[PDB]
Every structure is written in C-alpha cells, then in structure tokens.
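**Student:** could you work out the structure for the sequence below:
(chains A, B, C, D, E and F)
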Amino acid sequence: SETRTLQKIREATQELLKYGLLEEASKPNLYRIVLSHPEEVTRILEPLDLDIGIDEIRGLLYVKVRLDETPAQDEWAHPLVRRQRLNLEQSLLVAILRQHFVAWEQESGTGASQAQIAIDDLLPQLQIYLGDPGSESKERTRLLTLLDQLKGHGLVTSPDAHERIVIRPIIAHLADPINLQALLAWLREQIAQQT
Amino acid sequence: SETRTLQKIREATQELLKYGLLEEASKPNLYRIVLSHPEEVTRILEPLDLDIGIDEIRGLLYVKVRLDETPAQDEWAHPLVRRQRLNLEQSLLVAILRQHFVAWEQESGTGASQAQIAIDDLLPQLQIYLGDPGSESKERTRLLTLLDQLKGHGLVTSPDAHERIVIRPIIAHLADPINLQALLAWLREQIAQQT
Amino acid sequence: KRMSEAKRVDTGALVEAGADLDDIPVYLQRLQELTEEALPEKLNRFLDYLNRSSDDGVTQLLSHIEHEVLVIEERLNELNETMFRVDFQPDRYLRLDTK
Amino acid sequence: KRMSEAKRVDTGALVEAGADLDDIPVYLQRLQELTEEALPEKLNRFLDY
Amino acid sequence: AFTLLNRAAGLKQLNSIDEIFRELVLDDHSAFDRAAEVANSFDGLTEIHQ
Amino acid sequence: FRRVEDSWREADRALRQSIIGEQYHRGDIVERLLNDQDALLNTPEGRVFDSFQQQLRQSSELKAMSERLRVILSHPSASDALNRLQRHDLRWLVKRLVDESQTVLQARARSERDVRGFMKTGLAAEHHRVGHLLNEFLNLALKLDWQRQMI
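**Tutor:** Numbering: from 1, shown residues only, chains lettered A, B, ... in the order given. Pasting the structure now:
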C-alpha cells in the first residue's frame, strides 16, 4: 500500500541517526535532503518521540527528544537514549573544549570557522588538572583515548599528522553547559588552593 | 500544532525497538498494542527500513531489517543496527539450543516460554566440538562467554540462581528451516573450500 | 478398527492420523519405520545390561559408604593415639570406642 | 468408530461388548443406565458431600 | 580445623558425645547426591526400557 | 585403573560423537551402546575392571584385605620399609580403587543419559523436518576446525 520513503531521505535519516548529527560542509547532500524534507523527517521522528534541532551557521543538525520536560516524570527517560554520565576527565576536557570553542567563535565567528587547535597545548593543562598517570607518553595515550571517545560521541575529529582537531558544533548545543562550567570552576579552584 | 501518534503506541514501539523483540508472556500490553496497530508499526519502520515479524502462537513480536533494498551483502550492513553479526561457533550453540527448544516444545506444546535448560547439560554436547581443555572451569568460562554473547543478540536469558536459562523464542525465527538450509548449504560450501 | 486401536497406543505419530481408509499410508509408514529400527529386538540384551549397570552402581555405592566408615575409624584411632599422650585422670588415659 | 471410541473412554461397562451393531443394544442400555441412575445420583451426592 | 574451631566456640548446647563427633568433629562426606545420581540413572534406564 | 578410566571415557566420547549421525535409528544407537559396552568389557582393562567389580560382590574379601593391610602397616618394620607417604597410600589402597571405579560408572551413566534423551524423539511433522535439518548441519560440524580460533 504505502509507497517507500525516498531512498535519499531514508539514507540521510539513517546517517543522522547513526551519528545523531549531520554536517553540511562534510556531507552536504544529506543535510540538504533533510532541509528540503524536514516535515517528513520530524513526522518520522514523531512516533519515536524524537526531533531535530538545527544550526545553519554551524551547519549542523542533531536529534533530540520531542517530549516535554517533566510532564509525567521527575526526570525524562527515553528508552532509545541512554543518559550516560561522562566521568571526571571527560567532563573536564569537555569544559575546556567548550570554552575553547567559545573563544574560537570570538576569534573567527560562530560556525563559519570551525574551532581548531593543536593537541600539544592541551596536554599540559589537562595534566595539571588531572594528575600524571606515569609519563608524558601516558598523558598522550590517555588524552588520545579521551579524544577518541569524544569523536565517538561526535565531539571532535581525529588528531591529524600535526595533531590538529576540529571541535564539533554539538558541544555548542550541549545540554548542561552551566554544570560543566561549575565543574571547571571547581577544578581551577582545587588547583589554586592546592598550592 | 501537529498530531501525536497514540502515546501508548509510541511507548510500545520504542520499547520493542529497545528490546528488538516483545513477548506477550511478559508485556501483553505493548504486545497487544502492536497487534492492534501493526500497520502503524510498519509505516513507522518503513523510513527506518525495518519490519515486524509476528508469531502469536508463541506470543512473540520482533523487528526485522526490511529486505526490499537493504544492501545485498547482508541485512547486517544496516547502519543503525549495532550488534555484530552472528558467527560460526555462536551458530553452533544456536543449533544446540534450537534442538532443545523444539524438543521441549513438543513435550509441552508450542505455548509460552517455559523452555528451561540446565547449563550442565550443554557441557557434554558442546564438549564434542570445541573439545576439552581438560579443566571444567575453563570450559564453563567458555560456555558462559558464549551464552552471554547470545543474550547480546537477545536469544537467551543469563543463568539464574539454579544455573537454568530459558530459550528466548526469537531463536526459532532465527532458526527456521529456511535459515537452517541456507546456512547448511553455506557450511557444506565451506567444507568443500577447505577440503 | 485396527487403525483406531493402534492409534490408541500411539504416542506422537499416529496421533496426527485418523483411523480410516485414507490413513493407511502413514500407518504402514510407521510400521515400516519401526521395523527398520527393529527396536523390539534389543529387549533381552538391554534388560540384562540395565541389570548390570544398575547393580554395579548400587553395589559400588554400598561400598563407598563402608570405606567412608573405615576412614572415620582411622580418624578415631589417630585421635586415640594423640590423647594417649596425656593423662585424663591420675592413672588414667582416655580412649574411644565405636560400634 | 463412535462405539470403539466409547469403549476407549470406557471404564469397564462397554469393553466387555464387541464392536458391532448387535452390541449397540448393550451400549444404549448402558447409556440409559448412566443417564437415569448414574447422573442424578452422582451429581446429588457430589454437591451433598 | 577452623570449622571444628567455630563449632567448638559454639558449644552453647554443651551436649552429648555422639553429637560432638557427628557435628563438630568429622568433616562431612555423606553421599546423598551420589544416591540421587544412582536412582536417577536407574530411572533413566527404566525410561529407555519403557 | 588409570587406563580403564581413559578407555571408558573414550568410549563415551565416541558414542556421543556418533549419536549425531541422523542415519542412526533408535535401534542403531541402542545396539551401538550395547556393543560398545561389551567390547570395552572384554578387553583386558575391561577384564580387570570386571574382576574388581565381581570382588565387590564378595565384599568380605576386600574388607579382609584392608584389615590385613592395617595390621601389616602397624608392624614397626613397616616404618623402615616405606616412607610415610607409601604407608599412607597402601593403608588406603582398597578405597583408592573403589572410588576410582566410580569414574567408570559416571561415564556409563553419562552415555545412558544422553541416549535416553535422544531416543525420546517422537517428533511431530515440521519439528521432524527441522530436526533432520539440524542433524544434517551438525554432522557437517563434526568435521570442522574447532581449534583455529580465527575459524
């Protein structure tokens, strides 16, 4: 009975779902497909209690829960989305990258110039906030594990030959920036008092 | 502004996605919900390139990758499915289980899943193929690792207090004569290639 | 009447069938399958072999019990030896007995 | 078929008979026996106990 | 040894010698599961025969 | 008795491995069982085991032997003839055979239990079809490489 959703549409949708995101500058065709077909996309999400938020300048789409906040629960629970709590180190790096993305957006504008940095400078700051795991190379290993986990969470690109990375716009849209900023305040506070 | 799909339907479908399957014997509410709105589910899955198979004698529902245009290589290529393809030895255990499943199904009729087995019984049977590393604990570690992996595909409950597990009926559809014959032909092909 | 009666004793095969003229194929197919199995021919051998294995198990068990009793006896004699090292009462050492 | 089935379900009142029409009189004698004597008596005793 | 130690420290009953031996003294190797195995095999074979 | 165990363990392993052959009627498997047991019995190690078992019927002899062993190990000379360990083991010879025979009966019961479960296959139609499918698949399995983890 029902004719098939356009292959292009389902393709772009499956991309968006796998990565929870879509970037025009990297994969423009899926971004454009969704742009031409947002009503249908959201309708598809409508049963699943999903939806997409958009940022044209940063060139990103991202999924999001359609439900309202605390209509029948103290805290929203979506079966298909596990609310993972980033451990300490991940949250720390996230706060650093958040403020860095903000700073870069000041230095280059929002979205049109994606945030970028060389990994070297990050290692000292993060080691300061963390504590040496045993060596500088171990710092590199732990940091690269963190970068990989971010990248898996759609938050950074890989460190290239020069170990330069691009910070993904989803950080800008992250849920609780204030809690991360408070954690950063706690971190710098702890570092300052312990000397 | 826009209409809402029956919240109960949305609940049942998103849950059934989370589990990949849904049993009358456990959650008859959502199961009957789907039974009332199967075409609704179908439409919902079409963007997703998924489908509902049904087995009401066993009181089972279970998603299944749409076959229309999913890559000819394998339904497993589907971007959004996450767990890795089944493998050989796992399929070996699958065969053993299905054998027990059908045997007990005869002994008790094709009703709900009282299909219980005791782990110790598997040890002899599986011992013939994977061999005997001469340490009962080692083989139990092996066996439980396998079983675990199977429960990752949803086919089996993990051991209870009495080290008994019940066979998830989803196995039978994973192990219908068609799959058995196809895989069996492929196995003969592999024997030929090896010979 | 024959088809009915046989289905009366059946388990799992003739139950699917009726007791009428069109059912003969499955009836005789069952008879044929049984004859291939020749299963009733095993009778006496298997009765005797059951007697054998079960007699073995039971007797070996009535053994394993006895020898446990004698190991306990050895424990008792070890402990009688140990207690003989000391006096319980002025001219008296303590000893254990069993029955 | 029906008479043989009855002898199958039988508890010792029809098995003694054969499986042909001459037996049917005995079958239906047992039938009337059960209907009149067995059923009222036994239902009343069941509910009474 | 330690098992006997605790059973001894628990001699609140201060009961008779037979109990002393049977409970406190001798580590346990009663053959109940063995008898279960044997009767179970007997029944399995009776099933074969049946 | 070491080898007695090995032989009956191997016989059990064989009977299992062979029971996978769909070709085997119920009557084929029962015969294979009975013949495996008779063969393993008439072989020398089997003769040893059988002799031991027959002794257990006349338990008085074994018990008298253990008694006499105790009496012997009591004598002072024993200490010289045998270090502690040897005297220990000899003191408990009769047991260490009786217990060991149990391993035989465990293999026997294990075979018997497997064949009992197998032999109950009064399958319905479609179940019988898929059961043929499986038994086919499994006899294929018996010939594969289960050691190569990659495989």
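
**Student:** so which residue of chain E comes closest to chain F?
**Tutor:** Using Cβ to the nearest Cβ, the closest approach of chain E to chain F is made by residue E:41 at 4.2 Å. (Each C-beta comes from the backbone N, C-alpha and C, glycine too.)

**Student:** check which helix or strand the residue lying closest to residue A:33 once chain neighbours are set aside maps to.
**Tutor:** With Cβ to Cβ, 6 or more residues apart in numbering or on different chains as the criterion, residue A:33 has its nearest non-adjacent residue at 4.3 Å, and that residue is residue A:12. Per DSSP states H and E, residue A:12 falls inside helix A:7-19.

**Student:** again with residue C:66
**Tutor:** Per DSSP H and E, residue C:66 falls inside helix C:43-84.

**Student:** how about that helix, does it get close to chain F?
**Tutor:** Yes. Using Cβ under 8 Å from any Cβ of the partner chain, helix C:43-84 reaches chain F at C:45-46, C:49, C:53, C:56-57, C:59-60, C:63-64, C:66-67, C:70-71, C:74.

**Student:** so the closest residue to residue A:5 other than its chain neighbours is in which element?
**Tutor:** Spatial nearest neighbour of residue A:5, excluding adjacent residues (Cβ to Cβ, 6+ apart): residue B:47 at 4.9 Å. Using DSSP H and E, residue B:47 falls within helix B:38-48.

**Student:** now swap in residue A:62 and tell me
**Tutor:** Using DSSP H and E, residue A:62 falls within strand A:60-65.

**Student:** could you point out which element follows that strand?
**Tutor:** Sequence order places helix A:88-108 as the next helix or strand after strand A:60-65, per DSSP H and E.

**Student:** for that next one, name the packing helices and strands.
**Tutor:** Contacts defined by 3 or more Cβ pairs under 8 Å, 6 or more residues apart in numbering or on different chains; DSSP states H and E place helix A:88-108 against strand A:116-118, helix A:119-130, helix A:136-152, helix A:170-173, helix A:177-193.

**Student:** how about residues contacting the shortest one?
**Tutor:** The list of residues contacting strand A:116-118 from outside it, by Cβ atoms under 8 Å, 6 or more residues apart in numbering or on different chains, reads A:100, A:104, A:162-167.

**Student:** what parts of chain C come near chain E?
**Tutor:** Proximity of chain C to chain E (Cβ under 8 Å from any Cβ) is limited to residues C:46-47, C:50, C:53-54, C:57-58, C:61, C:64-65, C:68, C:72, C:75.

**Student:** count of residues packed around residue A:168?
**Tutor:** Residues contacting residue A:168 under the criterion other Cβ atoms under 10 Å in any protein chain shown number 25.

**Student:** so it touches residue A:20, yeah?
**Tutor:** No. Shown here, residue A:168 and residue A:20 do not form a contact pair, counting by Cβ atoms under 8 Å, at 10.7 Å.

**Student:** now do stretch F:2-13: distance to the chain's middle.
**Tutor:** 5 Å (Cα atoms, centre = their mean, to the nearest Å).

**Student:** name the residues that touch it?
**Tutor:** B:128, F:36-37, F:40, F:43, F:45-46, F:48-49, F:100, F:103-104, F:107-108, F:110-111.

**Student:** so which helix or strand takes in residue F:32?
**Tutor:** Short version, using DSSP H and E: residue F:32 is in helix F:26-42.

**Student:** residues of that helix that come out buried?
**Tutor:** F:26-33, F:36-37, F:40 (16 or more other Cβ atoms under 10 Å in any protein chain shown).

**Student:** quick one, it and helix C:43-84 angle?
**Tutor:** Per axes from the mean of the first three to the mean of the last three Cα atoms, to 10 degrees, the angle that helix F:26-42 makes with helix C:43-84 is 50 degrees.

**Student:** gap between residue A:97 and chain C?
**Tutor:** Separation of residue A:97 from chain C (Cβ to the nearest Cβ, to the nearest Å): 68 Å.

**Student:** run through the bridge partners of the nearest residue to that residue once chain neighbours are set aside.
**Tutor:** Excluding its sequence neighbours, the residue lying closest to residue A:97 (Cβ to Cβ, 6+ apart) is residue A:167, at 5.3 Å. Legend: beta-bridge partners of residue A:167 under DSSP bridges are residue A:156.

**Student:** so what's the residue count around the closest residue to chain C within chain A?
**Tutor:** Residue nearest to chain C within chain A (Cβ to the nearest Cβ): residue A:1, separated by 38.4 Å. By other Cβ under 10 Å, the residues close to residue A:1 number 5.

**Student:** also residue C:78?
**Tutor:** So residue C:78, with other Cβ under 10 Å, has 10 neighbours.

**Student:** how about residue F:134?
**Tutor:** For residue F:134, the count of nearby residues is 21 (other Cβ under 10 Å).

**Student:** so what secondary structure elements neighbour the helix or strand harbouring it?
**Tutor:** Per DSSP H and E, residue F:134 falls inside helix F:125-141. With contacts defined as 3+ Cβ pairs under 8 Å, 6+ apart, helix F:125-141 has these neighbours: helix B:88-108, helix B:177-194.

**Student:** centre of the chain to the shortest one, how far?
**Tutor:** Its chain's average C-alpha position is 20 Å from that of helix B:177-194, according to Cα atoms, centre = their mean.

**Student:** dead centre of chain C: give me the residue that sits there.
**Tutor:** residue C:54 (4.6 Å; Cα atoms, centre = their mean).

**Student:** helix, strand or coil for the spatially most central residue of chain E?
**Tutor:** By Cα atoms, centre = their mean, the mean C-alpha position of chain E lies nearest to residue E:30, the distance being 3.4 Å. The three-state label given to residue E:30 by DSSP: H, G, I helix; E, B strand; the rest coil is coil.

**Student:** need phi/psi at it.
**Tutor:** Phi and psi for residue E:30, reported as degrees, to the nearest 10, are phi -50, psi 150.

**Student:** ok, now how distant is it from residue C:68?
**Tutor:** Separation of residue E:30 from residue C:68 (Cβ to Cβ, to the nearest Å): 8 Å.

**Student:** how near is the residue nearest to the centre of chain C to residue A:136?
**Tutor:** On the measure of Cβ to Cβ, residue C:54 and residue A:136 end up 73 Å apart.
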